[PDB]
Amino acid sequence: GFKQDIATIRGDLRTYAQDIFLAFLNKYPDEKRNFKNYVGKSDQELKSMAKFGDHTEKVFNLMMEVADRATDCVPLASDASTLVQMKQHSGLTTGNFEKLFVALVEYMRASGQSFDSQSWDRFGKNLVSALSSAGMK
């Protein structure tokens, strides 16, 4: 289920974070508007970039904590406020987060593994609602 998936991702976080983030960027190429240092590079080139590895790790480290702190896939208000008020998230709207989780759930559904895809869909939709409530457009 959802709690076990959190442990699965944490067990190999580097690989999942990189693979899921790449699925996001390849499914929604226009999202590189936000990460212009990743333009013009293949997956293998991104995976050898220090900055890419560090960013994906810290994103998914934090995403797994937000997931771990949720109840029934509903994230804490404090966690959403953190995400809205991060300096690095200044320009973003909820549609950006929706697309990350669409790609994440698609990655799980295409995986050989028994991820609780439906739970992560709910988590994504509940996080977006939480971010709206904390002020994200």
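The first residue of the shown sequence is 1; numbering continues from there.
The mean C-alpha temperature factor is higher for 88-96 when 88-96 and 23-31 are set side by side. Two stretches are in play, 63-71 and 49-57, and the higher mean C-alpha B-factor belongs to 49-57.
In the PDB entry, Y38 places in the highest third of its chain by CA B-factor. When the modelled residues of the chain are ordered by C-alpha B-factor, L83 sits in the highest third. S129: CA B factor in the highest third of modelled residues in this chain (values from the PDB entry). Ranked by C-alpha B-factor against the other modelled residues of its chain, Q118 falls in the lowest third.
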